[PDB]
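Single-structure report; data block below.
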Amino acid sequence: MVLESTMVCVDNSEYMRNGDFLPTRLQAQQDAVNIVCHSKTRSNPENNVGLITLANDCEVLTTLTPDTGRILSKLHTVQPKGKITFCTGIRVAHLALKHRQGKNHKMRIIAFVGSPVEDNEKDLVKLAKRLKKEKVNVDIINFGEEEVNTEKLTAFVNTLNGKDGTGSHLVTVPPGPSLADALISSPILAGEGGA
Amino acid sequence: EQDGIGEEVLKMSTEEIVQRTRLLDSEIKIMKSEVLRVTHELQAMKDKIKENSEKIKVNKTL
Amino acid sequence: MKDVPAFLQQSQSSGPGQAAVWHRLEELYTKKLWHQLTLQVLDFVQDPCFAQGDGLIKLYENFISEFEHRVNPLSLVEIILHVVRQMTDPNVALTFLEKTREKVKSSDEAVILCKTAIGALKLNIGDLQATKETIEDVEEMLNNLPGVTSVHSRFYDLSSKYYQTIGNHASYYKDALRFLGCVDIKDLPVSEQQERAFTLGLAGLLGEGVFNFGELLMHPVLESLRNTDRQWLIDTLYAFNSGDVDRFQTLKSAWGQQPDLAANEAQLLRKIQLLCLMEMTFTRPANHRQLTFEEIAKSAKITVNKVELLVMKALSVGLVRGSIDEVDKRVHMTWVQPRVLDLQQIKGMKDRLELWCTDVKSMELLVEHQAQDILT
Amino acid sequence: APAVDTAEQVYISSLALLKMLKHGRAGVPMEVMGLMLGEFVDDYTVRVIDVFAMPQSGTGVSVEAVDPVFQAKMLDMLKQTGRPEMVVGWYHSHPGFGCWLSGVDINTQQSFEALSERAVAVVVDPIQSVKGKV
């Protein structure tokens, strides 16, 4: 966004198989990710973008790079039988901070949640409190979880947000048809500071 | 390509073909994003080649 | 819509109180709830009595043709398999299976399933030759992925069925081995496994030069499977595994219940003994490896003149390698053939490793103790 | 200046020493060169940690080989790994010249000096790496 290094999470879930986002949400996410890369650069050009799949025994697809071409090569292979593990992707952004390009930049994770959360709520609320001190905040894009149950994700973001110098937000885009373009709503322009 | 055959009539309903059209609109835009990736892959291979070319150039002359 | 709802209404109308199940499928597609649609079809094809009838065949055909990316081929492929067993006409069936194989959503493994299914259909009809060529192609495709557990195992059972139909038992036993390694009970019917396991058990025994009895004990497919006839037959395999002529042969009365065993009873008793040369030398002596003839002789309760000749056949097969010294009344083994895990075996190896550790520590002190000036 | 230029006794590690000998050897008579990564402490201690190499050519060492682009490019990789290294100096191999610094080699050393004030210049003899004296 502006001197921030971000890791972008794409969902692997059974819920991706739906026709709600045309043609399918799996293919749609490719359009979405390129919107997230392009938006961040637009605001200020001094930021980096990455892509992680939480598919199988969680693999980093590609690390921080300013190049949209690298991310997009890696996204086509994806596990459409997998499921989103919200908790593990945070861990991958933690490891990234020690050794990354843009070592001295700020810490943010922007995550898609296109399916309900799998990793226990209590574990995650608690995780947020640790995260506030190191100064990485998670911004959650929610349209999968809301249909089934009330936003659990809201709790996570609330506790998390303090002083970090980077903020967090819960942005809701509707569960029905809105295609990839809905990504505009996200904190990829709506972001704020913590300090 | 696939459509405008008589075999298509037999296999599918009309409703399947119109629905397929609606999916197509989103599919093309995505393919345009993919244009940017392909160009990006082509440059990376070339760079290795460019390194190689520097060496060929001097030997060829005097 | 009147996409899949049009054909589905015709089918829905005719079933009783099955109509309600049919209606679910029609809405889930219309909504653009393709993920709910994928699960729905799998539950759906089980319940209707209409399903066995022609309306369902026609329905799956319209379903697949219309959907190669609306919903994935993998769920539709699974559906065509449940129907294809029910039919009274396999010819028509065969044709339909192939028809479904078209395109793919993204990546789904559905291509291979249709190929295995055409193999299954061929076998029943009586086209053995055809079954064979397709069996060879799939076998590679399946093998490559680590992700195929279940699919690869049904295919492997299918190749064993072709060998069994001929009635050539030796060939049958070998092919069957590839199934034993690949075995899993899940997605493999209880009944196909049951018939195959009983036949196999008999089959290995009949063989002239095939030995993998130890392998058979290891798998539950032959071991847990039991019937009246089966209780004696497993005890005969066990006798074989340990390499005891005498246990095997005492069982002879039971064998007669199967005439197959009765015809080649002669071959069966000679074979145990042929095995014994290999079994006795690896198991009981660490310190020696030579065996007397007389041991075989009593055990078998077969004359002395024959054992010398039997021992010669044993060496030729390659169960044992060595020389025979007649005038010392020993057959000396330079070498013993590897054998698949056996009950006696595992115990001897441990014992010999223990003897070995102890010697190496004693010996280490001697080697170190002397020659002081070069030792640095 | 005599009032701040002192010589740099170079502590060369296994990773640098082996790398340089091998690279020159394969290229022969094509000569190889590069920048040296290390750290600088004291006013005279340079430890040469590791090296990467610049473009080989059939005329060997030249001005054309040295570009700021290669160096600048490397530095971006150094950040990404989280390696700290500053540039200690540069290396070359001369199979085609002696230990004396060729007329193109001095030109190349002057550019490299502008970037790091404390700069060292190394002759490698790949040919001698075949025998038991190096």
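Each chain in the structure tokens gets a letter, A, B, ..., in the order shown, and its residues are numbered from 1; ligands are numbered from 1 in order too.
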
Practice task
Return as a PyMOL selection string the residues belonging to chain A that are within 12 Å of chain D, counting only C-alpha atoms.
Solution key: chain A and resi 63-65+96-105

Using only C-alpha atoms, what does the table of chain C residues within 12 Å of chain A look like, with each row giving the shortest atom pair and its distance in Å to one decimal, sorted by chain and ascending number, as CSV?
residue,atom,partner,partner_atom,distance
C:28,CA,A:18,CA,10.2
C:29,CA,A:19,CA,8.9
C:30,CA,A:19,CA,9.9
C:31,CA,A:20,CA,8.0
C:32,CA,A:19,CA,4.7
C:33,CA,A:18,CA,5.2
C:34,CA,A:18,CA,4.5
C:35,CA,A:18,CA,4.7
C:36,CA,A:18,CA,7.7
C:37,CA,A:18,CA,8.7
C:38,CA,A:17,CA,8.7
C:39,CA,A:14,CA,10.0
C:68,CA,A:23,CA,11.9
C:69,CA,A:23,CA,8.4
C:70,CA,A:19,CA,7.4
C:71,CA,A:17,CA,7.8
C:72,CA,A:17,CA,8.7
C:74,CA,A:81,CA,11.6
C:105,CA,A:24,CA,9.4
C:106,CA,A:80,CA,8.6
C:107,CA,A:80,CA,8.6
C:108,CA,A:80,CA,9.3
C:109,CA,A:81,CA,11.7
C:147,CA,A:56,CA,11.8

Handout entry: Selection near stretch 19-21 of chain D, 10 Å with only C-alpha atoms, sequence-local residues under 4 positions removed, as a ChimeraX atom specification
Key = /D:14-15,25-26,32-34,36,50-53,91-93,122-130,134

Next, dump the selected residues to file, keeping only N, CA, C and O atoms, as an mmCIF file, in the first residue's frame.
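part04.cif, written as the output of this step:
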data_model
loop_
_atom_site.group_PDB
_atom_site.id
_atom_site.type_symbol
_atom_site.label_atom_id
_atom_site.label_comp_id
_atom_site.auth_asym_id
_atom_site.auth_seq_id
_atom_site.Cartn_x
_atom_site.Cartn_y
_atom_site.Cartn_z
ATOM 1 N N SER D 14 37.542 -20.008 2.976
ATOM 2 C CA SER D 14 37.476 -21.070 2.112
ATOM 3 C C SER D 14 36.489 -20.810 0.970
ATOM 4 O O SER D 14 36.791 -21.151 -0.120
ATOM 5 N N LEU D 15 35.316 -20.199 1.262
ATOM 6 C CA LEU D 15 34.288 -20.000 0.259
ATOM 7 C C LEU D 15 34.833 -19.121 -0.805
ATOM 8 O O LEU D 15 34.716 -19.539 -1.972
ATOM 9 N N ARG D 25 39.447 -21.160 -13.895
ATOM 10 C CA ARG D 25 40.054 -22.384 -14.511
ATOM 11 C C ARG D 25 39.329 -22.898 -15.765
ATOM 12 O O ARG D 25 39.915 -23.059 -16.793
ATOM 13 N N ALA D 26 37.956 -23.045 -15.597
ATOM 14 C CA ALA D 26 37.028 -23.409 -16.633
ATOM 15 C C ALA D 26 36.990 -22.433 -17.729
ATOM 16 O O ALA D 26 36.908 -22.898 -18.892
ATOM 17 N N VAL D 32 37.758 -14.181 -16.173
ATOM 18 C CA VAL D 32 36.536 -14.008 -15.411
ATOM 19 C C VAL D 32 36.965 -12.970 -14.430
ATOM 20 O O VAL D 32 38.178 -12.678 -14.198
ATOM 21 N N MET D 33 36.051 -12.224 -13.809
ATOM 22 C CA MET D 33 36.223 -11.100 -12.856
ATOM 23 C C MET D 33 34.911 -11.010 -12.043
ATOM 24 O O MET D 33 34.119 -11.849 -12.233
ATOM 25 N N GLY D 34 34.821 -10.068 -11.025
ATOM 26 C CA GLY D 34 33.626 -10.085 -10.223
ATOM 27 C C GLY D 34 33.885 -9.104 -9.096
ATOM 28 O O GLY D 34 34.915 -8.474 -9.046
ATOM 29 N N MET D 36 33.670 -8.752 -4.791
ATOM 30 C CA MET D 36 33.933 -9.571 -3.638
ATOM 31 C C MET D 36 33.071 -8.987 -2.522
ATOM 32 O O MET D 36 32.903 -7.762 -2.463
ATOM 33 N N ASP D 50 32.910 -14.004 0.560
ATOM 34 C CA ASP D 50 32.365 -14.744 -0.572
ATOM 35 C C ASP D 50 32.505 -13.786 -1.795
ATOM 36 O O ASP D 50 32.855 -12.653 -1.707
ATOM 37 N N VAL D 51 32.297 -14.342 -3.033
ATOM 38 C CA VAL D 51 32.518 -13.617 -4.308
ATOM 39 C C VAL D 51 31.337 -14.080 -5.222
ATOM 40 O O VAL D 51 30.723 -15.099 -5.051
ATOM 41 N N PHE D 52 31.038 -13.343 -6.308
ATOM 42 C CA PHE D 52 30.149 -13.748 -7.336
ATOM 43 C C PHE D 52 30.955 -13.209 -8.493
ATOM 44 O O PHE D 52 31.852 -12.398 -8.274
ATOM 45 N N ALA D 53 30.613 -13.577 -9.733
ATOM 46 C CA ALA D 53 31.455 -13.121 -10.838
ATOM 47 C C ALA D 53 30.605 -12.355 -11.819
ATOM 48 O O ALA D 53 29.403 -12.465 -11.781
ATOM 49 N N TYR D 91 37.889 -8.778 -8.013
ATOM 50 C CA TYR D 91 38.847 -9.791 -8.357
ATOM 51 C C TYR D 91 38.869 -9.946 -9.870
ATOM 52 O O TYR D 91 37.928 -9.548 -10.635
ATOM 53 N N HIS D 92 39.938 -10.639 -10.373
ATOM 54 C CA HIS D 92 40.011 -10.972 -11.774
ATOM 55 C C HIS D 92 40.933 -12.126 -11.778
ATOM 56 O O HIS D 92 41.666 -12.399 -10.855
ATOM 57 N N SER D 93 40.968 -12.815 -12.918
ATOM 58 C CA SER D 93 41.989 -13.842 -13.195
ATOM 59 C C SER D 93 42.719 -13.492 -14.501
ATOM 60 O O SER D 93 42.115 -12.953 -15.429
ATOM 61 N N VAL D 122 42.800 -8.365 -7.001
ATOM 62 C CA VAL D 122 43.308 -9.680 -6.787
ATOM 63 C C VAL D 122 43.589 -10.287 -8.134
ATOM 64 O O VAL D 122 42.703 -10.405 -8.990
ATOM 65 N N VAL D 123 44.793 -10.846 -8.364
ATOM 66 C CA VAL D 123 45.147 -11.734 -9.450
ATOM 67 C C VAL D 123 45.152 -13.110 -8.928
ATOM 68 O O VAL D 123 45.586 -13.423 -7.824
ATOM 69 N N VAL D 124 44.498 -13.929 -9.761
ATOM 70 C CA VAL D 124 44.216 -15.289 -9.523
ATOM 71 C C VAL D 124 45.021 -15.810 -10.677
ATOM 72 O O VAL D 124 45.072 -15.149 -11.714
ATOM 73 N N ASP D 125 45.574 -17.038 -10.538
ATOM 74 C CA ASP D 125 46.197 -17.771 -11.619
ATOM 75 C C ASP D 125 45.531 -19.077 -11.691
ATOM 76 O O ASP D 125 45.774 -19.983 -10.893
ATOM 77 N N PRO D 126 44.594 -19.221 -12.651
ATOM 78 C CA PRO D 126 43.804 -20.470 -12.670
ATOM 79 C C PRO D 126 44.745 -21.604 -13.091
ATOM 80 O O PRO D 126 44.361 -22.778 -12.953
ATOM 81 N N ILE D 127 45.773 -21.356 -13.844
ATOM 82 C CA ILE D 127 46.553 -22.314 -14.507
ATOM 83 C C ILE D 127 47.336 -23.081 -13.440
ATOM 84 O O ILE D 127 47.491 -24.248 -13.558
ATOM 85 N N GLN D 128 47.848 -22.381 -12.451
ATOM 86 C CA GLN D 128 48.655 -22.793 -11.358
ATOM 87 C C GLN D 128 47.839 -23.668 -10.329
ATOM 88 O O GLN D 128 48.419 -24.377 -9.573
ATOM 89 N N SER D 129 46.487 -23.521 -10.362
ATOM 90 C CA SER D 129 45.578 -24.261 -9.504
ATOM 91 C C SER D 129 45.623 -25.797 -9.903
ATOM 92 O O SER D 129 45.267 -26.600 -9.027
ATOM 93 N N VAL D 130 46.043 -26.151 -11.202
ATOM 94 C CA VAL D 130 46.217 -27.477 -11.730
ATOM 95 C C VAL D 130 47.400 -28.136 -10.980
ATOM 96 O O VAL D 130 47.309 -29.317 -10.586
ATOM 97 N N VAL D 134 50.099 -22.778 -5.647
ATOM 98 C CA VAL D 134 49.229 -21.798 -6.156
ATOM 99 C C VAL D 134 49.767 -20.443 -5.666
ATOM 100 O O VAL D 134 50.065 -20.231 -4.509
#

Handout entry: Interface, chain A side, toward chain B (12 Å; only C-alpha atoms) as a count of residues only
Key = 34

Problem - Every residue of stretch 47-187 of chain A that DSSP places in strand (DSSP E), as a VMD selection string - result: chain A and resid 48 to 53 62 to 65 106 to 113 136 to 142 170 to 172

Practice task
Please provide the set of residues having any atom within 8 Å of residue C:333, restricted to only C-alpha atoms, with same-chain residues fewer than 2 positions apart removed, written as a PyMOL selection string.
Solution key: chain C and resi 281+289-290+320-323+331+335-336

Where does chain D meet chain B within 8 Å, residue by residue, with the nearest atom pair and distance in Å to one decimal for each, counting only C-alpha atoms, listed by chain and rising number, as CSV?
residue,atom,partner,partner_atom,distance
D:55,CA,B:51,CA,7.6
D:56,CA,B:55,CA,6.7
D:57,CA,B:55,CA,5.4
D:58,CA,B:59,CA,6.2
D:59,CA,B:58,CA,7.5

Problem - Surrounding residues of residue D:67 excluding itself and chain neighbours under 2 positions, 10 Å, only C-alpha atoms, as a ChimeraX atom specification - result: /D:54-55,63-65,69-72,108,111-112

Handout entry: Distance filter 6 Å, only C-alpha atoms, chain B against chain C, as a list in words
Key = residues 11, 12, 13, 15 and 16 of chain B

Practice task
Do a neighbour search on residue C:54 at 10 Å with only C-alpha atoms, toss out local chain neighbours closer than 3 positions, and write the hits as a PyMOL selection string.
Solution key: chain C and resi 11+50-51+57-59+83+87

Practice task
May I ask which of the residues C:345, C:287, C:250, C:334 is the closest one to residue C:299, counting only C-alpha atoms?
Solution key: C:250

Practice task
For atom CA of residue C:81 and atom CA of residue B:3, determine how far apart the two atoms are, in Å to one decimal place.
Solution key: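 Interatomic distance, atom CA of residue C:81 to atom CA of residue B:3: 28.7 Å.
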
Exercise for the section: Go through stretch 56-137 of chain A and collect every residue that DSSP, computed from the backbone, puts in alpha helix (DSSP H); the answer should be as a PyMOL selection string. Expected result: chain A and resi 68-75+86-96+121-134
